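Single-letter residue listing:
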Amino acid sequence: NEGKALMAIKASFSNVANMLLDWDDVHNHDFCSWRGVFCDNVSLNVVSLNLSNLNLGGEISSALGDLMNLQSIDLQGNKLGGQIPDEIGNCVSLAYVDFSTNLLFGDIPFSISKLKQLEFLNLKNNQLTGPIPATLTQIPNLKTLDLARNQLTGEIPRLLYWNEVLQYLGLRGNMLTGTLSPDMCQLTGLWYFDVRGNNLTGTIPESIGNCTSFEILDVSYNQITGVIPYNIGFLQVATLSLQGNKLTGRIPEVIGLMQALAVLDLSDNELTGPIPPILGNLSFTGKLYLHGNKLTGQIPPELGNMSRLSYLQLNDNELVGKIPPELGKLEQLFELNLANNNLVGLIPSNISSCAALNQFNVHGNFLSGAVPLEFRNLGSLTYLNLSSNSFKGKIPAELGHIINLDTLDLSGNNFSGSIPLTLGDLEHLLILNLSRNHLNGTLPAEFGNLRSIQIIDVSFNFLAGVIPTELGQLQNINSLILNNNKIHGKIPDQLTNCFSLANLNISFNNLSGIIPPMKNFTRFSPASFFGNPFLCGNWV
Amino acid sequence: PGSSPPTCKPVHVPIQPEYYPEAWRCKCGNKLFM
């Protein structure tokens, strides 16, 4: 007779008639062989139900209340709709509920409390509204509660924090006001505490340190204020994510002794004061993110001692001082982000010792001196941004053999000398910005070999010679900017074949001839060519 | 006052539910984890 409820369950469903392998009250009265519905060996009644990821796009019918021996329901990924019917509060045998990646709205029924055996509730990726029903600490068996990526409201129920059993608490993405209660450390079995993306206010409880059972603590992207307490230094956390809050004060030195940290993120906060050198002893941490803050001071060389660190982000701060060469000890370094600070001095020649080094970003600082050549030992270098600085000397030709370079940004500097021909051999290059510099020499032609290039900018330099004629080869180029140079000769007609080129600027030169109008080159007539005297067109 | 990693060969793993939050889990050469 549970087959009847299975039919009504099938009735208000998606056009499943497709994949539901034969549920029917016509002939087959054996509903323990049907697709996705499992019966136990003993009494032949439904125990487990796996309809996961079938795109059955219906509503959850009320007849679910009639399936009594039902223990586990997986309706995940079926694009299902409606709310969760109240009558689910019937089957007390229910244990596992996965409504993941569906489209369900409305309040979570109060009847959910009537399921004593229920230890796993996952409602992530749904449209459910309402609050977190306070009647959920009534369920004694609950270990995992995942409500992440929904729209729930109201504070976090205070009584829930008193549960020895709970293991995974995921509230990430809702709009939950209220504050972190100290009762948070009365969760003695929880190893994942995830309140990120809420409208939460308040402070960090001072009792946060007495939570040695926590492995991942993610409070990021809320309105939490206050200092980072001393107690934070007792946490056995593997990942500690404090980024994107309004925390003030300095960085507690005692987090130095927190080597269980794998990922430490303090970014986008309002923290001030220097970088604590003691952080040199967390040699097992992989990600250090400190950017977006008001941090002052120098870069302590002790960060070279974090052997297992791969991502260092210190951008958007107020740091000063030279770049220390001890980062050359970071043989596992991948990303170095030092942007929008006030650093001065040279780029150390001992920094070319971190082979695995994808992105290097020092834009927006006050660095001086020439560019070291040993950058030719960084073969895996995919990103190089040195813009808005005072760099001198020629462009080292050795920058051409870093074959996988995808973006090369040298703008805003004092670079001199002609352009290296060896810059032609970056096939995977997309964006080459040499603008706002002091470049001598003429314009080299090997720029035809940038197949994937999208954006070329050499504006505001002293380039001379004729506009190269090979520039029509680049099909992926959408922007060609050559403003304010000494380029003469005529405008090559081949500049028409740039299919993707919708953004052009060649004004302010000694350019001669006509404006070739093969294709629709009338969109870039007036403005793009303004500053050239010997150009045929109606302007001064 | 402090913390220290575990000793089962230890390693730190992403768990996929932006980046992934990493937790401590020990695997030897064998692809297991505990």
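Residues numbered from 1 in each chain as written, not as in the entry; some residues may be left out. Chains lettered and ligands numbered in written order. Heavy atoms only, no water.

**Q** Got a minute to help me understand the state of the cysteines in this structure?
**A** Working definition of a disulfide: a covalent bond connecting the sulfur atoms of two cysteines. All names here are of chain B. Inspection of every chain in the model, using the stated rule, returns three disulfides over all chains. There is a disulfide in this structure between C8 and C26, and the S-S distance comes to 2.0 Å. With the S-S dihedral at roughly 55 degrees, the linkage between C8 and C26 falls on the right-handed side. Once the disulfide-bonded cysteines of chain A are ranked by sequence position, their pairing pattern turns out to be 1-2, 3-4. (Disulfide = S-S within 2.5 Å.)

**Q** Would you mind showing me how to read the UniProt feature "disulfide bond" in chain B here?
**A** Annotation check: the disulfide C8(B)-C26(B) recorded in UniProt is satisfied, the sulfur-sulfur distance being 2.0 Å, below 2.5 Å. Judged by its relative accessible area of 54%, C8(B) falls in the exposed class. (UniProt positions renumbered as here; feature names shortened; annotations may be inferred. Buried < 20%, exposed > 50% of the residue type's maximum accessible area, 1.4 Å probe, protein only.)

**Q** Where do I start with empty space enclosed by the protein in this structure?
**A** To find leftover empty space, a probe the size of one water molecule is rolled over the atoms. All names here are of chain A. Estimated volume of the largest cavity: approximately 250 Å³. Lining the largest cavity are 22 residues, and of these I9, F13, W23, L51 and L75 sit closest to its centre. When residues of the lining of the largest cavity are assigned to their parent elements, the largest contribution, three residues, is made by helix α1 (residues 2-11). Broken down by class, the residue content of the lining of the largest cavity amounts to 18 nonpolar, one polar and three charged. When its volume is computed, the second largest cavity comes out at roughly 140 Å³. Contributing to the lining of the second largest cavity are 13 residues, with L495, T496, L504, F521 and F529 lying nearest its centre. Across the lining of the second largest cavity, the residue classes break down as eleven nonpolar, one polar and one charged. (1 Å grid on protein atoms, 1.4 Å probe; cavity = no way out; pocket = protein on both sides within 12 Å on 5 of 7 lines; lining within 4 Å. Points joined across faces, edges and corners; volume = space filled by probe spheres on them. Helix = DSSP H or I, 4+ residues; strand = E, 2+ residues; numbered from the N terminus. Nonpolar A, V, L, I, M, F, W, Y, C, P; charged D, E, K, R; others polar.)

**Q** Would you explain the environment of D425(A) in this entry?
**A** Residue and element names in this part refer to chain A. Looking at where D425 falls in the secondary structure, it is placed in the loop between β17 (407-409) and β18 (431-433). Of the residues examined, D425 reaches a relative accessible area of 43% and is grouped as partly exposed. Sequence separation of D425 and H401 is 24 residues, and the distance between their C-alpha atoms is 6.9 Å. Apart from the residues lying within four places of it in its own chain, the contact partners of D425 are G400 and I403. (Contact = heavy atoms within 4.5 Å.)

**Q** What am I meant to see in α1(A) here?
**A** One turn of the α-helix equals 3.6 residues, which is why residues spaced by three or four share an orientation. When α1(A) is considered as a whole, its buried residues turn out to be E2(A), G3(A), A5(A), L6(A) and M7(A). Lining the buried residues of α1(A) we find β1 (37-39) and β2 (46-50) of chain A.

**Q** Mind showing me how you'd approach the side chain of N361(A) here?
**A** All names here are of chain A. With respect to the helices, strands and loops of the structure, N361 is situated in strand β15 (residues 359-361). The class for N361 is buried, based on a relative accessible area of 14%. At a separation of 3.1 Å, a polar atom in the side chain of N361 contacts the side chain of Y383. Discounting residues that sit within four places of it in the chain, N361 has contacts with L336, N337, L338, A339, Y383 and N385. (Polar contact = N/O pair within 3.5 Å; in protein donor to acceptor, adjacent residues only side chain to side chain.)

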